Amino acid sequence: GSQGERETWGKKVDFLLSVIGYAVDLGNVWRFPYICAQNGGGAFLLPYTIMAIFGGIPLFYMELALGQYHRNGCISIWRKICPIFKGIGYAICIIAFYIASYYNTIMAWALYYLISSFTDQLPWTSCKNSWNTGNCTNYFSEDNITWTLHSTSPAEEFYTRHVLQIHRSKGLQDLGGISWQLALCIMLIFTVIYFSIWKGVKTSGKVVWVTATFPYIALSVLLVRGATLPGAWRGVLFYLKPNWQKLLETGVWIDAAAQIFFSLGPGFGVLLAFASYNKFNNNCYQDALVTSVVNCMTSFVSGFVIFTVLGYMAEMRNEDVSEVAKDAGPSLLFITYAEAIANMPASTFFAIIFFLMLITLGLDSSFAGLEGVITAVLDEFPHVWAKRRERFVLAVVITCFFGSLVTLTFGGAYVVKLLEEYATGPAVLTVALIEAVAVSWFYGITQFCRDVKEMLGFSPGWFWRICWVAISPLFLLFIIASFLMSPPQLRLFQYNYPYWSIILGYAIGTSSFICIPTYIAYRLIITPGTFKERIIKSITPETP
Amino acid sequence: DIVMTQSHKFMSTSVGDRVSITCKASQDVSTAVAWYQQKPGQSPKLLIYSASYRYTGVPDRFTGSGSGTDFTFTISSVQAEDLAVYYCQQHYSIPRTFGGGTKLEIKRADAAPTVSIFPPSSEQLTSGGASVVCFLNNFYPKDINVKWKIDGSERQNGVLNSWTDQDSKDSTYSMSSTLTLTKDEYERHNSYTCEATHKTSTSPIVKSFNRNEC
Amino acid sequence: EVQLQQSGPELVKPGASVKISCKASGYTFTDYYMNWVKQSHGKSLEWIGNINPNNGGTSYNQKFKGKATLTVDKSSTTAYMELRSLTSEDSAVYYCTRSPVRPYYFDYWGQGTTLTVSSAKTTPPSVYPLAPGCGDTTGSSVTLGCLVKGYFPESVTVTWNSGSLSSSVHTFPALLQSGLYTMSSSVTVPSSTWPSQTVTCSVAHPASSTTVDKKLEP
Ligand SMILES: CC(C)CCC[C@@H](C)[C@H]1CC[C@H]2[C@@H]3CC=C4C[C@@H](O)CC[C@]4(C)[C@H]3CC[C@]12C
Ligand SMILES: CN[C@H]1CC[C@@H](c2ccc(Cl)c(Cl)c2)c2ccccc21
Ligand SMILES: *[C@@H]1O[C@H](CO)[C@@H](O)[C@H](O)[C@H]1NC(C)=O
Ligand SMILES: *[C@@H]1O[C@H](CO)[C@@H](O)[C@H](O)[C@H]1NC(C)=O
Ligand SMILES: [Cl-]
Ligand code: NA
Ligand code: NA
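Residue numbers (the deposited numbering), protein chains in the order written: chain A, 74 to 617; chain C, 21 to 234; chain B, 20 to 237.
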């Protein structure tokens, strides 16, 4: 009665592009070209696929299958599998809030850059502005110029002193106050995601049509543009030059594993929610396969889109694209690439489509990012929730805005690094390992192959059973152990993070998954009788 | 890394001729080549940067050309003070490497080597040694034979020939032939004689002196 | 103007360490990268590494990783380079040179530092005058000279009358034998100033800090 069965998706292509749109984001565009260039060049293509075939694809497919089979949220699905691990469904929620605290602000920057890209003369071309210093030296000026340790470029000046305004803060210690411009930008973004989420999967399935197809068009325009630029072969050479001695280093394998894990994004509850709304007899294998393989291919061509332009930039300057692509962060897009676009014909066009591309790269992923949590909460508190969806979605968008006010400060970029590298990563990897173990070693892999055999009509191959049993948990275990054994020393804009930053990162990191052990203790302490009977009634799913 | 290869380790030219030094790089460089000049006994001095551009305080006679991997440093009017070792260096990729170096030697007309023999001084006889010295000044080219004669017999032991670098004023080499001997042997012979064979004349220049208080 | 003054020559025993200074003047010291180039005897230039004076931002070469350590002092605008585990290959002339960030050229260099890594004892030079004989024919010009025998290392300076005049002085490169160097110098002066006036050759040895002056007597 009343609700009973849940709703279903409006078309196969909508869900196929929704998952693709969530999988593809900023990092696919710029993190993969950098990590591919600095870790063996073209030879990075070899371990990147292995970590996919053995690690990424099995988690992606197993998550999309569990989601499309059980049709439950990230929280209520554990009550029907392993109640003690229900805290997982909560942990991810908290995790999402941290991601949403910064991932949108980044887009805000692009948005503030987009609304600043409608002028006939781009603001970051000249030095006669209200934010430039006396060190600002630009081009279209007297030739012979020689760069100095204190000299700066109008683009670097525009990012540093105008939009980001990071010169007004001394670090994590002093970062206040808040920039109202980026607050309004992130409000507009939280509004464009509000009207794209508030109705449920209908609008995020109609809006995804645009958010997921535009980046390929923009990447195509930038691609055929950058291929025509003189001296673009240098960036391609630096992008594909095989350096097989890097493969001897045990670091590049960990870099590839981590990169393909985030980029694929299993273990976050997004694929669970997206798979939940679908036909029971609908095929899941082909969907997961195609989407992931596209997500990789798209990264691969994005590499060219970036390195052709950076090759042209190295030609205009003096070569060694590694020198011009030293900084691995937002500065590679907001300063370097932007300065390269400004010196091209129809600069307004390629700027509008570039920043618009960035925003459209971000939107689909935060759409999903919220979609998983919303689905989880609505499925965990039914009839206490779902009274309206707009109320909860609004409470989340607003919560993310107040959670992003720390990032909208002048030293907000500092917090972005802190949140992006020390907090979300190791916790998502941790909960992904816990989930992979619970589904593989608690619920039983044989019964899982039986559920896929019921849904798809055939039992999964031995390659996948042997992947879920041993290969995938060791795949996540390797990354977690590698990170925990040596957290990277953070540095951003000639500013090294204090030594206690990692403690703050761990505090944010630890505060996310306090619920899984405290919930195991909660259910283990609430259910009467012996601990063996409590863990037996707590590990085995509900019989009816 | 980058290997800047200068094939010609030595190049000969004359005062007023057009001389060009080549520099071969490993990979493509675009226009990131600098040319430095190091005079014998001085620190390197930057002359060219970014293939063709000249640095401040550099004469107009030094030029630069090339775009890719092979680059050329050209001197139009070679002067006597242009005698130095020239180095090329890439300035794009880390690390910055240099070339082998091309010592530009100046070719001119022949010059007669002024030979001057010198008897061991009294301060050295006081210390207990005696070295007859034979100087060869202002000649060209470098190839020149030096023969020693204690008392008519060709002396060969204890002779050290020291060739200096070319001159930066008149481009003339100079060398020193040293005959180091003991005091006891010096006071048992009287007239020493050193002769030099050069290409300016067929007859070797012969210098002689007497030990009996000159 | 822009001057980079390095330290003097250094004679050090193998296995020890040596630090070379680099006092900069004539430009904004916090504006340019400070570099160190190694030049071996008869070899080419060899970039060791640079350092950012604002924070000491060093950037070494893979070939010198763990071999050289670059430091900088902003209070006196002076750079330093320390070399440990010294061997025979390290006995060379080291320069410190200024350089911008882009284009990365070496606009101004230091005078250099002659480093000798050997266990040979610092031997004082024996200065013996090389005066023309009293039986020679005094023509339009007489050729004088002084002799330096037995010293280590290659750190010697032979001047003539406080550098006046020296428009015809020929200095011959030192020759190493049995662990000791030996060199000579000459000077062609006209016959209207000798032996009337005073012509005295000065021989300085910075390694042993011994300056012996000898006057020429026919
Ligand atoms: C979210 C909560 C639970 C985390 C709290 C953990 C505490 C112990 C961590 C988090 C942030 C950390 C602080 C971050 C800022 C500073 C300022 C610095 O000048 C001294 C270290 C100090 C004072 C750190 C001490 C340890 C610290 C206070
Ligand atoms: C999950 N793969 C992408 C998707 C978008 C983005 C992301 C992931 C999860 C969430 Cl909940 C959100 Cl809002 C956004 C992200 C962040 C860090 C690393 C990878 C990724
Ligand atoms: C240029 O930058 C330096 C530090 O990078 C600063 O000290 C200096 O004041 C700046 N110049 C001007 C004119 O502001
Ligand atoms: C280029 O810049 C320098 C300033 O360091 C200047 O002195 C020089 O004259 C300029 N021009 C050339 C051709 O080097
Ligand atoms: Cl990827
Ligand atoms: Na991705
Ligand atoms: Na996206």
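Every residue gets a Cβ at the ideal spot worked out from N, C-alpha and C, and that includes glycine.
query                                                                                                                          : result
Chain A contact for B:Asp50 (CB, 8 Å cutoff)                                                                                   : yes
Whole-angstrom distance between C:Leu180 and C:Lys169, CA atom to CA atom                                                      : 14 Å
Local conformation of A:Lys159 per DSSP, three classes                                                                         : helix
Cβ-based neighbour list, C:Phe138, same chain, cut-off 6 Å, excluding 5 preceding and 5 following                              : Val153
beta-carbon A:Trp573 near ligand 1 non-hydrogen atom, thresh 7 Å                                                               : yes
CB contact check: B:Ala223 to chain C, cutoff 8 Å                                                                              : no
Positions along the segment 104 to 123 of chain B whose CB lies within less than 7 Å of some CB in chain A                     : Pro119, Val120, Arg121 and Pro122
Cβ shell of B:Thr49 (< 7 Å), same chain only, five flanking positions each side left out                                       : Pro72, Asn73 and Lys93
Close beta carbons around residue 24 of chain A, own chain, < 6 Å, minus the five adjacent residues each side                  : Any question about residue 24 of chain A goes unanswered here, given that chain A covers just 74 to 617.
Rounded C-alpha distance that separates A:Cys166 from A:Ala398                                                                 : 35 Å
Contact with chain A by C:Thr89, beta-carbon distance below 8 Å                                                                : no
CA-to-CA distance, A:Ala509 to A:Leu550, given in whole angstroms                                                              : 11 Å
Three CB pairs or more closer than 8 Å across the segment 363 to 373 of chain A and the segment 97 to 104 of chain A           : yes
Cβ neighbours of A:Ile553 in the same chain (closer than 7 Å, five flanking residues each side left out)                       : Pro499, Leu502, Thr503 and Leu506
Short-range partners of chain B found in the segment 200 to 225 of chain A, where Cβ spacing is below 8 Å                      : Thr219, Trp220, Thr221, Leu222, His223 and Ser224
DSSP state of C:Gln109 mapped onto helix, strand, coil                                                                         : strand
Residue closest to residue 15 of chain A, alpha-carbon to alpha-carbon, out of A:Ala511, A:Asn316, A:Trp271 and A:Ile576       : Because chain A in this structure spans residues 74 to 617, residue 15 of chain A falls outside the shown range and cannot be described.
Euclidean distance between Cα positions of C:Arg175 and B:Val188                                                               : 28 Å
4-residue-minimum alpha helix (DSSP H) runs that sit fully inside the segment 92 to 125 of chain A, ordered along the chain    : 99 to 110 and 118 to 124
Contacts that C:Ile114 makes with chain A (C-beta to C-beta distance below 9 Å)                                                : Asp393, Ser395 and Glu396
Nonlocal neighbours in the same chain, by C-beta distance under 6 Å from A:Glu230, ignoring five residues either side          : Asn205 and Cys209
Residue burial classification, A:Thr323 (beta-carbon count within 10 angstroms, cutoff 16)                                     : exposed
A:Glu230: first and last residue of the uninterrupted alpha helix (DSSP H) it sits in                                          : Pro227 to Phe231
Contact set between the segment 66 to 88 of chain B and chain A, restricted to residues whose Cβ is under 7 Å from the partner : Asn71 and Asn73
Residue span of the alpha helix (DSSP H) that contains A:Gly140, given as start and end                                        : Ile130 to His143
Cβ pair count under 8 Å reaching 3, the segment 24 to 35 of chain C against the segment 594 to 606 of chain A                  : no
B:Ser138 CB to nearest heavy atom of ligand 5 below 7 Å                                                                        : no
CB-CB length for A:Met430 against A:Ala413, believed under 8 Å                                                                 : With a Cβ gap of about 15 Å, A:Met430 and A:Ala413 do not count as contacting.
Own chain, CB closer than 8 Å to A:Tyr487, minus 5 neighbours either side, in chain order                                      : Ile239, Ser242, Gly244, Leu245, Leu248, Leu565, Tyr568 and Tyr570
Minimum C-alpha distance to C:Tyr160 - residue among C:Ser191, C:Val78, C:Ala100 and C:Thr92                                   : C:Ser191
Partners in chain C for B:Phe191, counting only beta-carbon separations shorter than 7 Å                                       : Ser182, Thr184 and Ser196
Among A:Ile148, A:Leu597, A:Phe341 and A:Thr219, the one whose alpha carbon lies nearest that of A:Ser439                      : A:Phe341
Length of the line joining the Cα atoms of C:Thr76 and C:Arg116                                                                : 22 Å
Within chain C, partners of A:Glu463 - CB distance below 7 Å                                                                   : Within 7 Å Cβ-Cβ: nothing; A:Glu463 doesn't reach chain C, min ~56 Å.
Given residue 618 of chain A as reference, the closest of A:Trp197, A:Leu237, A:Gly530 and A:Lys84 once Cα atoms are compared  : In this structure chain A extends from 74 to 617, so residue 618 of chain A is not present and cannot be described.
Beta carbon proximity, B:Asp92 to chain C, threshold 8 Å                                                                       : no
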